[PDB]
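Peer 1:
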Ligand code: BCL
Ligand code: BCL
Ligand SMILES: CC[C@H]1c2cc3[nH]c4c(c3C)C(=O)[C@H](C(=O)OC)c4c3nc(cc4[nH]c(cc(n2)[C@@H]1C)c(C(C)=O)c4C)[C@@H](C)[C@@H]3CCC(=O)OC/C=C(/C)CCC[C@H](C)CCC[C@H](C)CCCC(C)C
Ligand SMILES: CC[C@H]1c2cc3[nH]c4c(c3C)C(=O)[C@H](C(=O)OC)c4c3nc(cc4[nH]c(cc(n2)[C@@H]1C)c(C(C)=O)c4C)[C@@H](C)[C@@H]3CCC(=O)OC/C=C(\C)CCC[C@H](C)CCC[C@H](C)CCCC(C)C
Ligand SMILES: CC(C)=CCC/C(C)=C\CC/C(C)=C\CC/C(C)=C\CC/C(C)=C/CC/C(C)=C/CC/C(C)=C/CC/C(C)=C/CC1=C(C)C(=O)c2ccccc2C1=O
Ligand SMILES: CCCCCCCCCCCCCCCC(=O)OC[C@H](COP(=O)(O)OCCN)OC(=O)CCCCCCCCCCCCCCC
Ligand SMILES: COC(C)(C)C/C=C/C(C)=C/C=C/C(C)=C/C=C/C(C)=C/C=C\C=C(C)\C=C\C=C(C)\C=C\C=C(C)\C=C\CC(C)(C)OC
Ligand code: HEC
Ligand SMILES: CCCCCCCCCCCC[N+](C)(C)[O-]
Ligand SMILES: [Ca+2]
Ligand SMILES: [Ca+2]
Ligand SMILES: [Fe+3]
Ligand SMILES: [Mg+2]
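Protein chains in written order, with the working numbering: chain A, 1 to 280; chain B, 1001 to 1311; chain C, 2001 to 2318; chain D, 3001 to 3255; chain E, 4001 to 4057; chain F, 5001 to 5056; chain G, 6001 to 6058; chain H, 7001 to 7056.
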């Protein structure tokens, strides 16, 4: 089925790879070459996750195997394997799922580019999705490579990856003092504030008080000038929201990338360059 | 800023994230800066005991005259090499105790013998010599006194925290955990043993004092928290490393050193050895470890000096 | 290549807009508006005017008192030395009262200033809430902003007031300071047995991540259709245009379903609001109901188990 | 006394009940445009089966327009509009191919709905988007070049015409369109700022969307001093068709 | 010494904003002084005068 | 030593903004000075003078 | 020895902005120097000179 | 140089003056701060005498 206004946009072409071969929809989904390619990566990765849950860390007969949703964990190899492929039951399964995940993500983004070409719209969304992919690849590719072992990746488990985050963080004693981490968090918080402000404002002028007509661009600008003496503007709030969300992802990737590869001591002690300036 | 790649070590199970990272070039230079002085040649272990040859030997009674001389040579290089034998001895009278350095040194011998014989749960067979702390200086470089912190006006009580302090590795956590925990014996545990509320009165500020002590410990050993903990459950011994057990005994060892060996010497120590509160320079993890997981990278010096053990 | 509509290349100017006229009872606005060229590169160049009645005047007075009490105490903690105040600024703080005072008003020299800053900041925020409410009322707009603001105020109140009162001690509230409030954040997780295992912490993270996901998606979606006037969301909502059609089809073809130009702002509203609702609930339950979140997760069967490769003898057992 | 049920567990379950209720609320709101779906199931059923999925559509809300502009309802019954294209294959899920010259087909990225034939208005009730000829209180911000008199080039660098005016938003001051006096036919056509790059030192506006000769067929304004919503969509959509249609290479694929 | 044309201040400063700012300033000042004095030896609520009511029970 | 045309400053500086700024600055300065004095040995509230009022 | 045409500085720099800036700068500097002096041995408030007024009551 | 005066045909005299004033005030603050952080400190050096000692 199609949205009642959709048929007049379902045009042939705009593919990057594949042309007419895969140029079709399946229900709502556009497929194309990267839909097929992404589907294979995705279905394989998910089924290898279920297979990893089925055999557990030490075989399906041990007390450690579990289908409990919180406890399932597929883990990377020991650091001793370095940049080599571990045996499937010793972290190699995690490594293959990682390659599947990256391919699924990147194929998803290129499918999005083909959709933009069909619709004649800007490429902001696949560009923005690339920042999330970049952060994932810093976590499983750039940072592990710089330290010399794929085993620095995080495990694929709903709660087990929180244990990874905790223990990597406290390797630096007090990870809160990571300067790129402070900046990234500031962007995450500011983004959430900005999103609630934006959502609120659009809903409050299109759903005004009873008896009122729909409000105007002049109301939107007046409302925040009245509260903070400034209005960024209806176009610019979307510029701002995109800037804050991408900055949050970017400084995230930076903050984990420097943790190990470019800094090994506690994070509070980094700030000693400031304390030690010959000014005070 | 540092450059990749770092040195790495896996501590816990794969994916749990218990890993250590270090700078390779700083490690190599630290190893050079933590060299142990080569042991003296073995001495003649025969003849009369020092207990029956000398006039006022109260601790090293059972050494032969040769081993006793060798011990005196060794402590001179370890403690007062620039000054020599008479840093601890009245000129022309070796038996005299009329110099404060000799009285202090006598108790220092008992400290080391107690550590090497009675505290192996901490120092194992590696043990300690005078060198471990003094490093060739009469005053150990990494002794400590109670820290008063920055000045406040008279109408505002100091908080003991919120200040950039090397002692807690530049966090704004309570910056003197040494006095309450490595001298006095305040409770370090705050984590509950039951899921539900009802039986744990420990406080968030106690958590911060404990966190401050743990920053100091980590910095003193040059390690991260996962050297001893799985940080998903800091309290859970079953998920901790064997280094945590060792560290537990080391805290009690340090308390014993400060309470029973350093503090009772306060009256004979000069005013130059005391902090603004009148307390003597004394011992923390840093004093021996000096930012290394084992003092001197674990060099076994004490085993070659029989006088550094009890009986 | 194409124009990405990130920066305005050519700004235009018009006489400053004084704002939509307000009903009788509102005070006249104040300030002579100015224009910033550099703000005009990314957004609106006009700064001002501003509204300021009794609610906001009282809010700002309470808030400046609170802020000045904090800064004063920071400077006093380095003995008035302005150079050391700049050196240690991120470390300095205004500290909650000692535990011995419980919830009683503590002495000026040891916690009274914290209690006054918390009181006056709280009144300042509550009055700011009334301000956001009144400013929507005077324009004839609905109260979506004040409802979301109330959800954030709920979380703030739980952190510094509700939980400390429930737990019987101002010493359990949050210090005013940069690095000190980060110490407090980490110490709270330590004290309560690892906040990762608090299920409302997990939800708050899902919604904080989701807020950045959704603003990246929506921000980028709207700029990609700004070539069709899609940033003018009021008239795209009343009079669906090819901006709104292409936006919805981009997402339907990508992930199988889509929303509307109006209803994406409802998804965004709830995602952001649920971030602080779940955050308040999570802290509200810590110490009062659950003393150790990890053991609560063990009890309910959630905590992963690992092969034992390190373990330690308990010297309290030995 | 010990119990498995505890207040944290109670509260998290209460949250799930609320959250799933919220999702169903939101999915209903999501269906106020575009539903019921155009399917081949409704065709063969003679219209008997309306495809709406789950949850079902909400009851209509009303938008009351200012200045006595009327009432908009959502959801609403919208009339089918013929598609100027033929399916590339008869199989379901296949794309369609525009009839005639693609630029002019009103199909694909050239497509757009028929918005209302009246102008967006300022709060005071004047036409919102107007040329600087009409809104004489507007000026170019000092520091920025005046686009008037710049030469407009198409995707292949050929001269399409000159900028004859600038169309501004009177509600929120900004350029929304450039007015281009087209060399080929001397008509004045709108050019959205969204499709315009400034080459400031050369005083050139570059338009990647279409060729210079394509400017001859940019849709025209009924009234030279204002623009209706309807005309805004027809203008912007015509440029966007060029993104896919203006050259052969733009069809893809790369490989 | 006051001034006979002091009344002309209301030709200079807006009477409504002056009134609003005085009300606001005095509310904050009143709350601030009570809290400052309650944080000192002068506290009249926790002074056990005339008696301690927590000791009666 | 003063100047005879000093009144002309009000041809230069707006009387309204000057008056407002003066009273805002003086009120803040007075808050600040009382805070400084209260934080020192000169504190007159917690000095137990003429007596301490906190009974046991 | 300053120049005779130095008054022409008020043809270049705005007398209003200059007067406001000097006033603002001088106030901040005054606050800063008092604080710097109070942070040192020169402190005249907590020096208990002439007497300690807290000692009277404690 | 004889033609150095032409620099005022290139650089706005007003902005150069303001920038010179702003930079010199900041530099002056910076250098006093730096010098006070060291052994040369003349305020906290108990010279000619310690006034806190006087009060004891
Ligand atoms: C003791 C533990 C430490 C700590 C240890 C660390 C460590 C270690 C890390 C962080 C990272 C982060 N921390 Mg921290 N951190 C702590 C406390 C905090 C606090 C707080 C309130 O105290 C906050 C706000 C933060 C905030 C942050 C963010 C800046 C960052 C996580 C966002 C991110 O990476 O986005 C980027 C987003 C992604 C990587 C997601 C990628 C998504 C991909 C592309 C798509 C997936 C699709 C999916 C499979 C689809 C499924 C389909 C459905 C099934 C249908 N931390 C403490 C003090 N922190 C992390 C980071 O920066 O990572 C880069 C990180 O590694
Ligand atoms: C031991 C250290 C000394 C001390 C050494 C000095 C020295 C030295 C000086 C001051 C100066 C000042 N000191 Mg002090 N000062 C001490 C303790 C105090 C205490 C206190 C609570 O203890 C207070 C509140 C003051 C307050 C003051 C201000 C009155 C004055 C700076 C005003 C300014 O910056 O104008 C900036 C504003 C402008 C430039 C705008 C134009 C000025 C307007 C038109 C006039 C405003 C009123 C004027 C300053 C009145 C001054 C009268 C008396 C001389 C005080 N001092 C002690 C006892 N103090 C300075 C001063 O006297 O300046 C004359 C100064 O040189
Ligand atoms: C959906 C959850 C998120 C959220 C929502 C939210 N926050 C909100 C709102 C909403 C919906 C508001 O409506 C409200 C707001 O007004 O935002 C624009 C607010 C707000 N969120 C704020 C901050 C904030 N929100 C945060 C978080 C969040 N807000 C979430 C992540 C954070 C974090 C992450 O820590 C902070 C730091 C403020 C910007 C604003 C509330 C402002 C307020 O209460 O002000 C009164 C308090 C004062 C201290 C007033 C002080 C006055 C100033 C110092 C100005 C001084 C003026 C003076 C006259 C100057 C004179 C000097 C002369 C020399 C000229
Ligand atoms: C950069 C700013 C933020 C951002 C933006 C962003 N994300 C995006 C987009 C954009 C602009 C999309 O267009 C795209 C999308 O289509 O959204 C609807 C996407 C998306 N962001 C998503 C998720 C998401 N984004 C997140 C974050 C962020 N995305 C940022 C903070 C996170 C966090 C923070 O954790 C997650 C969970 C998806 C909804 C969607 C991408 C969907 C996709 O790629 O589908 C293909 C893949 C599958 C269907 C599943 C693949 C399965 C794998 C093959 C196996 C699983 C391996 C995995 C590594 C295991 C992980 C296990 C544990 C960690 C639990
Ligand atoms: C049940 C089942 C099949 C089990 C079998 C499992 C096995 C073995 C295999 C299945 C796995 C395989 C092979 C494929 C599954 C993948 C498929 C086909 C679909 C899943 C797609 C997918 C990633 C869905 C995730 C959707 C989620 C949760 C997104 C999070 C972001 C989010 C909350 C979006 C909701 C709001 C939306 C829709 C925003 C988009 C949106 C935005 C942002 C606007 O700005 C805008 C402006 C104007 C108009 C409309 C819009 C608009 O729609
Ligand atoms: C732990 C326990 C759970 C915690 C959850 C806490 C949730 C509340 C905290 C957040 C407060 C929000 C305040 C604003 C609300 C608001 O604004 O709603 C009003 C607006 C509508 O306004 P409008 O724009 O249409 O017009 C404005 C003109 N007046 O939006 C909504 O109708 C959203 C719809 C409400 C959500 C429905 C949820 C139903 C759950 C049913 C569960 C059934 C299970 C049964 C099991 C037996
Ligand atoms: C010298 O400084 C001057 C004067 C120049 C001005 C400078 C000021 C500066 C530099 C200030 C800097 C401030 C900073 C850096 C602040 C950082 C603050 C942070 C990070 C705060 C974070 C969290 C704090 C929280 C959440 C606190 C909450 C406290 C609450 C909610 C308390 C409420 C208390 C109440 C309602 C009390 C009621 C009193 C009752 C009624 C109980 O009395 C009996
Ligand atoms: C301080 C660190 C010392 C230095 C340096 C040297 N000696 Fe020592 N000596 C020291 C102590 C604490 C003691 C008493 C030991 C005990 O068991 O009670 C001594 C004792 C001697 C003696 C015995 C004197 C006697 O009682 O008859 C002798 C002969 C002696 N020391 C010699 C000696 C020499 C030759 C040294 C330099 C190489 C020397 N000592 C250094 C502490 C310290
Ligand atoms: C929606 C919130 C419902 C909360 C119900 C809990 C009421 C009593 C809570 C006190 C602690 C209860 N319990 C079982 C954990 O001890
Ligand atoms: Ca009383
Ligand atoms: Ca008194
Ligand atoms: Fe929007
Ligand atoms: Mg603290």
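In this text, a Cβ means the ideal position worked out from N, Cα and C, and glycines have one as well.
1. May I have the straight-line CA-CA distance separating residue 5037/F from residue 5045/F, to the nearest angstrom?
2. Using a Cβ cut-off of 9 Å (strictly closer), state whether residue 2176/C contacts chain E.
3. Going by the beta-carbon positions, is the gap between residue 3215/D and residue 3251/D smaller than 9 Å?
4. In chain order, what residues have a CB nearer than 5 Å to some heavy atom of ligand 11?
5. Taking Cβ positions only, does residue 1080/B come closer than 9 Å to chain G?
6. Mind listing which residues of the stretch 2091–2108 of chain C have their C-beta closer than 8 Å to chain F's C-betas, in chain order?
7. Of all Cβ atoms in chain A, is any one closer than 9 Å to the Cβ of residue 2296/C?
8. Return the bridge partner residues of residue 1276/B from the DSSP annotation.
9. Give the secondary structure of residue 3150/D by DSSP, where H, G and I count as helix, E and B as strand, and everything else as coil.
10. For residue 3170/D and residue 5026/F, I'd like the C-alpha separation in whole angstroms.
11. Output, in sequence order along the chain, the residues in the stretch 5032–5054 of chain F whose CB is closer than 7 Å to any CB in chain E.
12. Output yes if chain C places a C-beta closer than 9 Å to the C-beta of residue 3132/D; else output no.
13. Within 10 angstroms of the Cβ of residue 1116/B, are there 16 or more other Cβ atoms? Answer buried if so, exposed if not.
14. Answer yes or no: do residue 3093/D and residue 27/A have a C-beta to C-beta separation smaller than 9 Å?
15. Could you tell me the boundaries of the beta strand (DSSP E) in which residue 3162/D lies?
16. Closer than 7 Å by beta-carbon distance: list the chain D residues that pair up with residue 2291/C, in chain order.
17. Hey, is residue 2141/C's beta-carbon within less than 9 Å of any beta-carbon in chain A?
18. How many angstroms separate the CA atom of residue 7039/H from the CA atom of residue 2181/C?
19. Closer than 8 Å is the cut-off here; do at least three beta carbon pairs connect the stretch 2083–2100 of chain C with the stretch 2119–2126 of chain C?
20. Do residue 3205/D and residue 3178/D come within 9 Å of each other at the CB atom, strictly closer than that value?
21. Check residue 1093/B in the structure and name its three-state DSSP category.
22. Could you work out which residue in 244/A, 15/A, 83/A and 207/A is closest to residue 2136/C when comparing CA atoms only?
23. Can you pull the DSSP bridge partners for residue 1064/B?
24. Spatial neighbours of residue 3234/D within its chain, please: C-beta separation below 7 Å, excluding the five flanking residues on both sides.
Peer 2: So, from the listed chains and residues:
1. 10 Å
2. Taking Cβ atoms only, chain E never reaches closer than 9 Å to residue 2176/C, which makes this a no.
3. no
4. 5044/F, 5047/F and 5049/F
5. For residue 1080/B, the answer is no, since every Cβ of chain G falls outside 9 Å of its Cβ.
6. Residues 2107 and 2108.
7. no
8. Partner(s): none; residue 1276/B has no beta bridge.
9. coil
10. 44 Å
11. 5045, 5046, 5048, 5052, 5053 and 5054
12. yes
13. buried
14. Yes, they are a contact pair.
15. Counting along the chain, the beta strand (DSSP E) containing residue 3162/D begins and ends at 3159–3169.
16. Chain D residues near residue 2291/C: none, gap ~11 Å exceeds 7 Å.
17. Closer than 9 Å to some Cβ of chain A, the Cβ of residue 2141/C qualifies, so yes.
18. 35 Å
19. Flag = no, the stretch 2083–2100 of chain C and the stretch 2119–2126 of chain C do not touch.
20. yes
21. In the three-state reduction of the DSSP assignment, residue 1093/B falls in the strand class, which pools E and B.
22. Per the C-alpha coordinates, the member of 244/A, 15/A, 83/A and 207/A positioned closest to residue 2136/C is 207/A.
23. Residue 1064/B is bridged by DSSP to 1049/B.
24. 3112 and 3219
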